There are 6 protein chains.
Amino acid sequence: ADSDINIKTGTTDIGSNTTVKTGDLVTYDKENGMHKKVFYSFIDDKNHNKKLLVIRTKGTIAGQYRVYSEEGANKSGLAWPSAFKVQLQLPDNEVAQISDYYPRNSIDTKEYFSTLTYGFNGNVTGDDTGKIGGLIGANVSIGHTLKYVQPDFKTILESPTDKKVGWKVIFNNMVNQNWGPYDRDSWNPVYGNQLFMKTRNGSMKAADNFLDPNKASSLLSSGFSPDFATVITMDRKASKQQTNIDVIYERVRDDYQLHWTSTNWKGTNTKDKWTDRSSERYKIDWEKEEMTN
Amino acid sequence: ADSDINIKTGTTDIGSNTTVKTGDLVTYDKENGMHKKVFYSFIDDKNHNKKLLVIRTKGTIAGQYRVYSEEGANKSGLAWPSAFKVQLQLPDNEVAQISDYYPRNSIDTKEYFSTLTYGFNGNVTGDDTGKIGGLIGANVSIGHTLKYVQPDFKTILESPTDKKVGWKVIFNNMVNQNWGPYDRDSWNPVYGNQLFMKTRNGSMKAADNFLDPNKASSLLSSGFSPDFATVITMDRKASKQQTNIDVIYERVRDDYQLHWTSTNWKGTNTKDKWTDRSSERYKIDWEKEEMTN
Amino acid sequence: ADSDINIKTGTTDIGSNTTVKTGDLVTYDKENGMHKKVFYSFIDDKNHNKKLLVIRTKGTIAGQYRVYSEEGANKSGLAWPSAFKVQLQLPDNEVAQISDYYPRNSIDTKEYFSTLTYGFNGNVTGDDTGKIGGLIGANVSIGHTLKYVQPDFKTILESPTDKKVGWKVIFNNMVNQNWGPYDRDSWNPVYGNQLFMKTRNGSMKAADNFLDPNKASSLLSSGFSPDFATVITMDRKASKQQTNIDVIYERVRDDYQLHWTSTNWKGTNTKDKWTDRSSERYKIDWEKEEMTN
Amino acid sequence: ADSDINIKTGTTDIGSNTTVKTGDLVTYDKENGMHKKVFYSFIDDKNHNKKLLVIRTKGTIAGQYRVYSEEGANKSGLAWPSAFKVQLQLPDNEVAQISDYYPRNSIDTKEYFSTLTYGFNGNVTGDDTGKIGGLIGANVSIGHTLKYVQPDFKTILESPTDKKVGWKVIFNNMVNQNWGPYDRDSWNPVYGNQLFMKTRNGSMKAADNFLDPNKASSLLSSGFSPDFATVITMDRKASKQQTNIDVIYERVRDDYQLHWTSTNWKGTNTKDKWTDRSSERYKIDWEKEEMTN
Amino acid sequence: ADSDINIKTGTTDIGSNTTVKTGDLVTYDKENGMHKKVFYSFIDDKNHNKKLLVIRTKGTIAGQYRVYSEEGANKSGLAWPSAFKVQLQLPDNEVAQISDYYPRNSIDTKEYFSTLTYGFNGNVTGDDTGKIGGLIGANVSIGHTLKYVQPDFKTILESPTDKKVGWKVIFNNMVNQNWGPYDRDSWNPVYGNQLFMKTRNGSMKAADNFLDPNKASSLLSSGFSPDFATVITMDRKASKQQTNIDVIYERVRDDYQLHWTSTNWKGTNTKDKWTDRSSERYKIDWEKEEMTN
Amino acid sequence: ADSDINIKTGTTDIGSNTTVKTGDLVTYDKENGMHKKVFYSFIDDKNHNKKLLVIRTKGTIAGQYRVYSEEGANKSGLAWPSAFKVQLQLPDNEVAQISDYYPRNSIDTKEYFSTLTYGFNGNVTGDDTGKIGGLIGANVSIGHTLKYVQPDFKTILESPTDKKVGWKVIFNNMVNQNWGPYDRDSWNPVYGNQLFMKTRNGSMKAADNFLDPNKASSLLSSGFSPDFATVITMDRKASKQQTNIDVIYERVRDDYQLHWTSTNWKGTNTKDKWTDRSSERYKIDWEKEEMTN
């Protein structure tokens, strides 16, 4: 923090005495079920060595957790979102560069407990016949407890370059009706992967034995809303003051299949089965200070 | 804090009534997979005995966690980042000096529990005949519990001088599928180092038995984003008002090998096998208040 | 706090409508490995009965955790920082005085749990022979738990005077690979002081059986960064408007020796074996409002 | 808070549109080891029915935890601060009055646990010899847990009047190498008061079996820094616009003795053995709005 | 909150563009040991439908925990504060009214834990004489835990009217040397009420077997500092612009007695034995905007 | 929050550049024991489509917990507040409307722990006669605990309309001397409802076996202070600029009865035995911007 280095808070921040131009650009991809919104801000601070553009990618990518396949009452398939992504890419010719972005990857932590306990105890017996009993015992034990927080989905900043940046919101694990947590690799000898299995050996049809979307992570169905910021800089002396940039919203889906084993339900998950990719190109005019698509 | 010594908050900070000049310089080193960004700020506060330059080293070093070695079905190696580093250095013929930096090393703490428990307990018996049972016991107990937090990586400020300063974000330890945690020295007689081992005796190719990056620290794969601040002071009277400074982003990688031993998997970790070093020289002009590369 | 006594917050603080003069002074002691930085601020608030100078002592003293001795693979010694110190001192004839300082010693606390638990229980036994029976017991138990946080190092304000003030950041205790915590007095008959012992029976050179510095408190190696403040007051009527003041950064190292008895590893620690002291005189000029060295 | 009663925050606070006069006064009592500082502030708010003086007593009273005597290697004494005090008092005649002060006595709390547990259990047995045993038992348990925080020292506001006010920072209890806590009355039949006892059977000299100050509350040794505030009000029409006020800084020391019985060490603590009192008279001039000593 | 109803914060508060008149009035009652202070504020905001007076009652009522009776060496009584009260009252003829007050009563809460546990287990044994047996057991548990915070004293707003309001800070319960808590009704057939009993068998005289006040809630001895606010509104058209008001500081003391039975100590507490009442008449002048006594 | 939708904080709030008129209206209902205070604010913001009036209902409704009948030493009746209510209502012909209100009903949460535990243990026996016994056993456990906070009273927003709004603060449950919690339906075959039962076997007059109010929720006796806000909107073009509004403050009492069976005390509670309703009519004049009663 600036105060950590004895400098008035905000002194090195950009944007004072500058007229900022902002804009909203909304696009809805019906086919891919994606509400894509770009919120931008041009900050041409004359005391900063370069022009600046802040591109915030928001909107919402529908989860689309649903039963798509049905072949009899013994088998059924559920397509679900295992990953959500947003990426911005400047073509190689562009002199403009990706300079910063938020959020980024943070360091996770964990709690660790080490426990040592000593135990000494006595004892004395006695019966209605005159016999006197007794006992002496010792005991020791070491224990360890590991504790940590596990989000249903992880928000990750993908290694960026000066031309492209991206984020992927990936399914981590999830609690199934107090059971689990389960993940894309969970495997039980009897039931396989119970990730979205409603009952282990219920009587109903397969297509009706998938977890209630309302009982699973809301991102799986209703969707995920990106809230990412990308900072792009541009030399003021650059000969060409226009820049193209592609923005891609994507959804990776897994395949969760159920099938009656004759005595119980067994689950199977196939990773990255389908990939819904919606791309769009925008035009950045550093002179008019507007962005169009 | 200022209020702690009866002085109006901020009274002592540098920067007020000063026109600050800022700049951004981006550099992508593809072979080393490093998005290196310098955010600078020149503060020439006339009420401060020296000129200040605040250099912020950001951007992000890719993790690059990958199975690069595959020597048959029983052998495979994984390269991973055991350390990320950023260092700034002023040559010896410079009158400019390193004055402050952030973050710095913090004093870690731990929680401790001391427990003493003791009690007594009666007892009486009797069978369908006439015998009477009776017991009397005592028991003492002593237990101690140590509880502390462990981040996946530790952020450390390396001993600085007035010419050089640096930080290293080193791998600490990590939880492997609700187990461990493990570190670079974890050693088990049967499985060796299980740090990134996915299964202990599963039957798949070696190169397919490494832990999914999505299940390990995101820094290992997607990467770490430095956010370090360095402040450099310069005398307004020094003969030469130009300073060179070299900035180095570095990634030290370890080698995690896995090999099948007739009946199970075993792992070994080789420390600091590789070191990806990306260096760049910057020119600092205190009169123009510009920084360039 | 001001609010607690019905006064507008900040009403009694010093520094308003005053032009504050500040400065940075950096000195690097190569022999002692100390980056010493003074950040001062002159506050001559005319509505205050005296001139005021705030001296912030910062920079960082390197830890210097290193194996220095090694007499055969069975003997080796390690030097570590048990204490870091920073002191300011006005020569006795100075009319200027030390008036305040920060941080100060805070009152430590602890959590105490006292538990009383009792209960009754019954029982009924039988056998295919047709026998009947029953057991009746009762129990009581009293237990208590003590909980408190222990920093690896304690930051202490030494008893000051109107001519000298100082701080010592002393090693308290530390966790050794999930065990401990250990301290300078930890003693085990079999292994002695295991503070920095890597393994108990390990079969390696003694110079290789010391704990990895990354697995220990970062202040031990990379170092500690002081951030203390000292306020000095001065009478405006004082005849000599110049004041000398010496600042001393200090490091105290202990000696942790490891030797192989014949069956296992044993450790010993020698207190305050070495003392690195780096002193420096500064001149305070209350008329020019500048500090020089 | 003002907002709780629908009034603009800070509307009723004193001090606005007022020129406040502050001052600092430092005195060092060499014999008593007391750095005494008084930071004052005159607030003559014309919209207030009275002139105000806020006196903040700060500085530091050294702990002085010291081994003072030793007659035989089996007997020794340690002096320690069981209490620190700061008191202000206006002479009888004075028309000025003690109006407010901070801190004050807060209401302590405790956490309480009530737990009831019901249970039943069965147990069917037998043996290779055809036998078949049975078992049916029940149990009930009632237990409570008290949980509270306990500072090493308590800060108490002594019953004030309109002429005097004072604070005492008294020793409460302390953890001794993870045992206890102990206090001035602790008593073990064998060891006596183990308050500052380093070892129970140690064979060193008595003056070498006292707890190291680094492992005990820093107030005991390095000292305590008062930070108390007193508000004095004065009528503008009082015919005598000058006021004297006396201030006492005090340390009360206990006597902790260790003597070797013949088999082990035994501790004894005698209360209030010594008292170090430092008194000063300050002169308050409400017309010149300055305080002197 | 104002934001909860989409209104700019502070929009409805009173006090803007208004000159507020404040005052301090101090009274010390020697006989009753009560420092009494009124801090008033007249807010005649012309955009408010009435004149307002905020009266804050502070100061401090001494605890006065004292051994007042000593009938021989086996009987002694201790007077302690079971309640502190502060009340304000407008004579019923006054047209001025009590409008608000703070603090008020808050709704307490408690935490509730419900636990169900079930488990199975096997057990196979064998002896040198070839005998081989087995065992199977099943069990269930149902636990309930109640957790809640217990302040040593409760701060309560007494049912107000438009002419009188008061607060009472009443003794709730207290811990005695890690035991209890105990309260005015605690009773043990052996030792009676152990609230302030130092020892159960101590061979000292009665007067010397009372709990050390330093080891009891500091409000019992040093005292309680009231910090209550009362808002009084007044019609601007009222013919009589002056109002009288009485303020009462009060202390209710209980009588805790200890007597030696012959084998142990037994204590008993008598409620509301004594009542110290300190009343004072103040004059409120709404035109001159001043309070006097 | 505005920031969530990229809008300058406070941008959409109402109140700026508007002269707000406020007022206080106090009424004390003697017979009903209710201090009723209304604090209103007219906000006619010309950039808002309607005039606004914020009405805040405050003051306090006495609890009035009291023994109302003693028909014998074996029978007594206790009256206590099971619910507090405040309701506002616009007569059906009013064009003005109820637009907002605070507080509202919030979603309650609970914590759930699900735990699984399994383990093994051996046991080797042996006696002097030469016998050598052994034992091996397994064990599994499934336990889960529910954890949630329970306030003594619930604050509920009754289903509002454009003409009426109201709140009811209702008794939920309460801890009775560390046991329970008990509620209006608690029942024990032996004791009935122990909600306010002081002792189970005690031999005193019935009217003397009710819980001490100081040991129960303060709302039961001293009372509850409403702090509700309701905003009314009005069209500036509405033909009649005068509005009537009726306000109800109310207390619902339950009848708690204790009778002596002959061997112990048994408690009974009858719901909504009494209702104390206090109603007032206020006149709102939107042109004069004043409220009166």
Side-chain angles (χ1 to χ4, degrees), chain B residues 5-7 12 49, chain C residues 14 20-25 27 36-46 48-58 85-102 104 157-167 226 228-250 277-293, chain D residues 22-40 58-62 223 225 249 278 280 282 290-293:
Chain B
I5 49 171
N6 311 88
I7 297 167
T12 289
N49 82 335
Chain C
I14 291 167
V20 177
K21 294 306 181 73
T22 61
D24 263 291
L25 256 19
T27 304
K36 310 187 299 180
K37 187 281 264 288
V38 168
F39 174 79
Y40 64 85
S41 301
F42 285 85
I43 304 170
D44 182 9
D45 179 344
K46 295 332 208 305
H48 192 43
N49 77 334
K50 285 174 189 171
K51 288 188 172 182
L52 194 306
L53 168 60
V54 179
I55 300 180
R56 289 190 169 69
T57 53
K58 300 174 70 175
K85 299 178 185 184
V86 173
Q87 290 146 36
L88 296 87
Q89 180 170 52
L90 295 165
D92 225 63
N93 52 316
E94 296 302 330
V95 305
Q97 309 172 282
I98 284 171
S99 172
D100 205 347
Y101 22 76
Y102 195 85
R104 319 191 183 79
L157 166 66
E158 310 234 46
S159 305
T161 69
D162 60 341
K163 302 305 181 193
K164 68 191 304 187
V165 66
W167 288 269
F228 314 127
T230 299
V231 324
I232 294 183
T233 56
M234 178 68 153
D235 163 29
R236 287 188 188 85
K237 298 265 55 188
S239 176
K240 183 179 183 179
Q241 292 288 313
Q242 299 73 213
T243 304
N244 298 312
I245 190 160
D246 304 295
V247 174
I248 305 79
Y249 277 37
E250 211 168 73
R277 167 159 174 147
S278 177
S279 174
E280 186 167 12
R281 174 154 303 195
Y282 292 94
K283 274 62 192 310
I284 295 159
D285 184 331
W286 304 89
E287 282 164 340
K288 296 181 66 184
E289 297 196 282
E290 63 183 39
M291 260 189 97
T292 59
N293 65 343
Chain D
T22 62
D24 203 76
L25 291 316
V26 172
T27 296
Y28 180 76
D29 182 326
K30 311 174 183 177
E31 205 167 302
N32 289 308
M34 288 169 200
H35 175 253
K36 312 182 294 174
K37 194 282 279 292
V38 165
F39 177 81
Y40 66 87
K58 303 179 76 174
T60 301
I61 295 170
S225 296
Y249 272 49
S278 189
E280 210 91 11
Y282 291 94
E290 60 181 64
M291 205 171 161
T292 55
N293 73 325

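These numbers come from the heavy atoms of this one structure, side chains and all, not from hydrogens, waters or symmetry mates. Residue numbers begin at 1 in each chain, while the letters A, B, ... track the order of the sequences.
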Measure the spacing between [atom1] of [X] and [atom2] of [Y] and express it to the nearest 0.5 Å.
| X | Y | atom1 | atom2 | answer |
| --- | --- | --- | --- | --- |
| D/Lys37 | B/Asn6 | NZ | CG | 5.5 Å |
| C/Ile43 | C/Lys50 | CD1 | NZ | 15.5 Å |
| C/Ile248 | C/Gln89 | CD1 | CD | 6.0 Å |
| D/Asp24 | C/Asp235 | CG | CG | 12.0 Å |
| C/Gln241 | C/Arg236 | CD | CZ | 9.5 Å |
| C/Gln242 | C/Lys288 | CD | NZ | 10.0 Å |

Can you tell if the side chain of [X] reaches within under 4.5 Å of the side chain of [Y], non-hydrogen atoms only?
| X | Y | answer |
| --- | --- | --- |
| C/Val95 | C/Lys240 | no |
| C/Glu290 | C/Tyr40 | yes |
| C/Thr27 | C/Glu280 | yes |

>> For D/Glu31, is the CD atom crowded, meaning more than 12 foreign heavy atoms sit under 6.0 Å from it?
In response: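 Atom CD in D/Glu31 is not packed in, count stays at 12 or less.
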> Are more than 12 heavy atoms from other residues, nucleotides or ligands located less than 6.0 Å from atom NZ of C/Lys51?
Replying inline: yes
> Testing C/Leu88, C/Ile245, C/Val54, C/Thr57 for side chain to side chain contact (heavy atoms under 4.5 Å, CB included) with C/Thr230, which one passes?
Replying inline: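 Exactly one pass, corresponding to C/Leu88.
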>> Please evaluate residues C/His48 and D/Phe39 with respect to the criterion ring-ring contact (aromatic ring centres under 6.0 Å, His included), reporting the C-alpha separation (whole Å), side-chain torsions for both, the decisive distance (0.1 Å), and the verdict.
In response: CA-CA 10 Å; C/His48 192 43; D/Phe39 177 81; 5.8 Å; yes
>> Working note: C/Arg281 + C/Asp246, criterion salt bridge (charged side-chain N to carboxylate O under 4.0 Å, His left out); need CA distance, chi angles, decisive distance, verdict.
In response: CA-CA 4 Å; C/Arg281 174 154 303 195; C/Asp246 304 295; 2.6 Å; yes
> Parallel, tilted or perpendicular: which describes the rings of C/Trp167 and C/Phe228, with under 30° parallel and over 60° perpendicular?
Replying inline: parallel
Do you know the tightest heavy-atom contact between [X] and [Y]?
| X | Y | value |
| --- | --- | --- |
| C/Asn49 | D/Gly23 | OD1-CA, 3.0 Å |
| C/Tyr249 | C/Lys58 | OH-O, 2.7 Å |
| D/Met291 | D/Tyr282 | CE-CB, 3.6 Å |
| C/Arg56 | B/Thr12 | NH1-CG2, 3.0 Å |
| C/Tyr101 | D/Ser225 | CE1-OG, 4.2 Å |
| B/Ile5 | C/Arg104 | CG2-NH2, 4.2 Å |

> What do the steps show when you test C/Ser41 against C/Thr22 for side chain to side chain donor-acceptor pair (under 3.5 Å), and what is the final call?
Replying inline: CA-CA 4 Å; C/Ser41 301; C/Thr22 61; 5.5 Å; no
>> Using a strict threshold of under 4.0 Å (side-chain N to carboxylate O), is an ion pair present between C/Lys163 and C/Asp92?
In response: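 Looking at C/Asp92 and C/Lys163, the cut-off is not met.
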>> The test is side-chain contact (heavy atoms from CB on, under 4.5 Å); show your working for C/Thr161 and C/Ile98 and say whether it passes.
In response: CA-CA 7 Å; C/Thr161 69; C/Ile98 284 171; 5.7 Å; no
>> Donor-acceptor check, side chain of C/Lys36 to backbone of C/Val247, threshold 3.5 angstrom: yes or no?
In response: no
>> If you apply the rule side-chain contact (heavy atoms from CB on, under 4.5 Å), what do you find for C/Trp286 with C/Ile232, and how did you get there?
In response: CA-CA 11 Å; C/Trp286 304 89; C/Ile232 294 183; 3.8 Å; yes
>> Under the criterion side-chain contact (heavy atoms from CB on, under 4.5 Å), I'd like the reasoning laid out for C/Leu52 against C/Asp45: C-alpha separation, chi angles, the key distance, then a yes or no.
In response: CA-CA 8 Å; C/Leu52 194 306; C/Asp45 179 344; over 6 Å; no
>> Would D/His35 and C/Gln97 count as a side-chain contact (heavy atoms from CB on, under 4.5 Å) here? Give the steps.
In response: CA-CA 11 Å; D/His35 175 253; C/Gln97 309 172 282; over 6 Å; no
